[PDB]
Ligand SMILES: [Cl-]
Ligand SMILES: [Cl-]
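Chains as they are written, first to last, in the deposited numbering: chain A, 1 to 183; chain A', 1 to 183. A prime marks a further copy of an entry chain.
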């Protein structure tokens with residue numbers, strides 16, 4: 001409710017439609033020109049961001065201290081415009097929530113919003129046969145085309161949607177410290 | 001915002017997924033067991049409502065005083081359960097609104113919600129080559145699968161989504177007097 005209001009503004013300011021050779025995804029702008037995609041989008045030296053061709057200057061598939069998959073890629077974009085800094089909205093740790101909003105911005109699902117209800121700390125999961133940490137789970141009658149979906153509550157950006165099993169969806173949690181490094 | 005809150009509860013209480021031989025649609029329950037579909041869903045003596053087979057006892061394609069298409073079919077369902085009476089939420093006339101929510105409940109788009117912005121009294125329109133009155137229009141990067149989508153604002157059920165042109169969506173306005181007749 002206020003969660004939706006927060007979600008609409010978030011998507012307007014910070015989200016875009018991205019196409020890779022791997023498919024179409026939602027991208028969440030974080031700060032400066034640093035943005036996040038789900039890992040399986042596998043962005044090359046160039047992406048199509050909002051039907052437009054933007055260079056990717058740098059890309060990091062993120063891993064935990066053991067080399068375990070976090071399912072996020074951090075990209076730096078070649079574009080003049082700077083995202084609003086949304087890092088104050090990111091927790092230092094996996095946040096659980098009774099009521100969330102998943103926000104999708106593709107051409108399959110343009111500016112759409114789903115209430116997913118209870119968001120749980122699921123932990124580990126095999127996703128595309130890859131062991132994956134820090135998954136947030138919610139009861140999600142899924143469909144492909146929601147990868148990159150931003151999962152949110154009021155005042156809170158919780159994570160990025162990176163898969164489902166038909167009946168549940170999973171988000172990679174967006175943690176504060178993924179987003180410090182250098183300048 | 002409060003519009004979303006109103007929309008979630010509306011869909012929970014009063015909306016369903018309907019399949020006809022013409023496709024899959026959202027159905028809005030009005031009162032008692034009277035419900036509405038867009039006209040082009042063309043429901044037979046039976047529909048599939050929420051993966052389940054429900055008889056249709058009676059069906060009226062609605063027309064204005066001239067026999068012009070309103071693009072709504074009113075169905076009476078063979079089912080024990082009674083819809084909550086949402087007619088207090090229906091205007092006596094085409095309502096214009098600065099900010100609306102379109103709410104879709106299919107298996108293509110399950111429990112999804114779109115902000116459409118400004119809703120305008122468009123008037124007449126040829127829709128599937130059929131002249132159609134009392135269309136409400138909004139800027140809608142469309143897709144098939146949203147027919148029956150319920151268009152709403154706060155405290156207001158405005159109409160039922162019955163088509164688009166790629167760039168705009170159209171709703172048949174849900175007027176108070178469509179829903180009096182007898183018992
Ligand atoms: Cl911030
Ligand atoms: Cl009422």
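Note that beta-carbon positions come from the ideal geometry of N, C-alpha and C, so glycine has one too.
Checklist entry - Where do the ends of the beta strand (DSSP E) carrying residue 43(A') lie? => result As a position in the second chain, residue 43(A') is number 43, starting the count at 1. Looking at the DSSP string, residue 43(A') is not in any beta strand (DSSP E), and its letter there is neither H nor E.
Checklist entry - Out of curiosity, what's the CA-to-CA distance linking residue 91(A') and residue 22(A')? => result Here residue 91(A') refers to the residue found at position 91 when the second chain is read from its first residue. Here residue 22(A') refers to the residue found at position 22 when the second chain is read from its first residue. Approximately 29 angstroms between the Cα atoms of the pair.
Item to check | Beta-carbon spacing of residue 111(A), residue 86(A') below 8 angstroms | outcome: Working through the first chain from its first residue, we reach residue 111(A) at position 111. Working through the second chain from its first residue, we reach residue 86(A') at position 86. In this structure, residue 86(A') does not lie closer than 8 angstroms to residue 111(A) by Cβ.
Item to check | Contact list for the stretch 156–179 of chain A' against chain A, Cβ threshold 8 angstroms | outcome: none
Item to check | Proximal residues of chain A, C-beta to C-beta of residue 63(A') below 8 angstroms | outcome: Counted from its first residue, the second chain places residue 63(A') at position 63. Within 8 angstroms Cβ-Cβ: nothing; residue 63(A') doesn't reach chain A, min ~33 angstroms.
Checklist entry - chain A partners of residue 185(A'), CB-CB under 9 angstroms? => result There is no way to answer for residue 185(A'), as the model of chain A' reaches only from 1 to 183.
Checklist entry - Taking Cβ to Cβ, would you say residue 159(A) is nearer than 8 angstroms to residue 172(A)? => result Here the question's residue 159(A) lines up with position 159 in the first chain. Here the question's residue 172(A) lines up with position 172 in the first chain. The answer is yes: Cβ separation under 8 angstroms.
Checklist entry - Roughly how many angstroms lie between the CA atoms of residue 52(A') and residue 167(A), to the nearest whole one? => result Position 52 of the second chain, counting from 1, holds the residue named residue 52(A'). Position 167 of the first chain, counting from 1, holds the residue named residue 167(A). Their backbone Cα atoms lie some 19 angstroms apart in a straight line.
Item to check | From 24(A), 45(A), 88(A), 154(A), residue whose alpha carbon lies closest to that of residue 98(A) | outcome: Here residue 98(A) refers to the residue found at position 98 of the first chain. Answer by Cα proximity: 154(A).
Checklist entry - Under 7 angstroms Cβ-Cβ, which residues of chain A' neighbour residue 105(A)? => result As a first step, residue 105(A) is located in the first chain; it is residue number 105 there, counting from the start. Simply none; closest approach about 11 angstroms.
Next on the checklist: Nearer than 7 angstroms: is that true of the beta carbon of residue 29(A) relative to any heavy atom of ligand 1?
Outcome noted: Numbered from its first residue, the first chain carries residue 29(A) at position 29. Outside the cutoff, so no.
Item to check | Neighbourhood of ligand 3 [Cβ distance below 7 angstroms to any heavy atom], ordered by chain position | outcome: Absence of ligand 3 from the depicted structure is noted, with ligand 1 and ligand 2 being the only ligands included.
Next on the checklist: Can you check whether the C-beta of residue 14(A') is within less than 8 angstroms of a C-beta belonging to chain A?
Outcome noted: Counting from one through the second chain, the residue named residue 14(A') turns up at place 14. With 8 angstroms as the cut-off, residue 14(A') does not count as an interface residue toward chain A.
Checklist entry - What in chain A' is Cβ-close to residue 4(A), meaning under 7 angstroms? => result For the purposes of this step, residue 4(A) is taken as residue 4 along the first chain, with counting starting at 1. Those are 1, 4, listed as they occur along chain A'.
Item to check | Integer Cβ distance of residue 150(A') from residue 10(A'), believed to fall under 8 angstroms | outcome: Within the second chain, numbered from 1, the residue matching residue 150(A') stands at position 150. Within the second chain, numbered from 1, the residue matching residue 10(A') stands at position 10. Going by Cβ atoms, the distance from residue 150(A') to residue 10(A') rounds to 7 angstroms, so yes, they are a contact pair.
Item to check | Per-residue contacts from residue 150(A') into chain A (C-beta, under 9 angstroms) | outcome: Mapped onto the second chain, residue 150(A') falls at position 150. What residue 150(A') touches in chain A: nothing, since even the nearest Cβ is about 15 angstroms away.
Checklist entry - Counting pairs of Cβ atoms below 8 angstroms between the stretch 58–70 of chain A' and the stretch 126–139 of chain A', do you hit three or more? => result yes
Checklist entry - Can residue 161(A') and residue 169(A') be called in contact, C-beta distance under 8 angstroms? => result As a first step, residue 161(A') must be located in the second chain, where it is residue number 161. As a first step, residue 169(A') must be located in the second chain, where it is residue number 169. Yes, the Cβ-Cβ distance between residue 161(A') and residue 169(A') is below 8 angstroms.
Checklist entry - Are the beta-carbon atoms belonging to residue 5(A') and residue 1(A) less than 8 angstroms from one another? => result Taking the first residue of the second chain as 1, we reach residue 5(A') at position 5. Taking the first residue of the first chain as 1, we reach residue 1(A) at position 1. Yes.
Checklist entry - How should residue 15(A') be labelled, buried or exposed, when 16 other C-beta atoms within 10 angstroms of its C-beta is the threshold for buried? => result Translated into positions along the second chain, residue 15(A') becomes position 15. Under this definition residue 15(A') is a buried residue.
Next on the checklist: With distance defined between alpha-carbon atoms, name the residue in 60(A'), 116(A'), 108(A'), 44(A') nearest to residue 197(A').
Outcome noted: Lying before the first or after the last residue shown, residue 197(A') is absent from chain A', which here runs from 1 to 183.
Item to check | C-beta neighbour in chain A' for residue 113(A), strict 8 angstroms | outcome: Here residue 113(A) refers to the residue found at position 113 of the first chain. It does; some Cβ of chain A' falls within 8 angstroms.
Checklist entry - Should residue 46(A') go down as buried or exposed, given a rule of 16 or more other Cβ atoms within 10 Å for buried? => result As a first step, residue 46(A') must be located in the second chain, where it is residue number 46. The residue in question, residue 46(A'), is exposed, as its Cβ has fewer than 16 Cβ neighbours within 10 Å.
Checklist entry - For residue 30(A), which residues of its own chain have a beta-carbon under 7 angstroms away from its beta-carbon, when the five flanking residues on both sides are left out? => result Looking up residue 30(A) in the first chain gives position 30. Taken in chain order, the residues that qualify are 36, 83, 86, 87, 179.
Item to check | The alpha helix (DSSP H) enclosing residue 110(A), as first and last residue numbers | outcome: Locating residue 110(A) in the first chain gives position 110, where the first residue counts as 1. Here residue 110(A) belongs to no alpha helix (DSSP H), and DSSP marks it neither H nor E.
Checklist entry - Which residues in the same chain as residue 3(A) place their Cβ atom closer than 6 angstroms to its Cβ, once the five residues preceding and following it in sequence are excluded? => result Walking along the first chain from the start, residue 3(A) turns up at place 3. Hits under 6 angstroms: 101, 153, 154.
Next on the checklist: For a cutoff of 8 angstroms on Cβ pairs, would you count residue 97(A') as touching chain A?
Outcome noted: To locate residue 97(A'), count along the second chain from 1; it is residue 97. By this cut-off, residue 97(A') is not an interface position.
Checklist entry - At what residue ranges does the stretch 138–179 of chain A contain a whole run of the beta strand (DSSP E), taking only runs of 3 or more? => result 150–153, 156–164, 168–173
Item to check | Residues bridged to residue 31(A) [DSSP beta-bridge criterion] | outcome: Residue mapping note: residue 31(A) aligns to position 31 of the first chain, counting from 1. Answer by DSSP bridge pairing, in chain order: 34(A).
Checklist entry - Cα-Cα, which of 157(A'), 58(A'), 105(A') is closest to residue 33(A')? => result In the second chain, counting from the first residue as 1, residue 33(A') sits at position 33. Selected option, being the one with the closest Cα: 58(A').
Checklist entry - For the beta strand (DSSP E) that contains residue 187(A'), what are its first and last residues? => result Lying before the first or after the last residue shown, residue 187(A') is absent from chain A', which here runs from 1 to 183.
Checklist entry - If we count the other Cβ atoms within 10 Å of its Cβ and call it buried at 16 or more, is residue 144(A) buried or exposed? => result Working through the first chain from its first residue, we reach residue 144(A) at position 144. Burial call: exposed.
Checklist entry - So which residues on chain A does residue 110(A') lean against when the C-beta distance must stay under 7 angstroms? => result Residue numbering aside, residue 110(A') sits at position 110 when the second chain is read from its first letter. Within chain A, the residues near residue 110(A') are 141.
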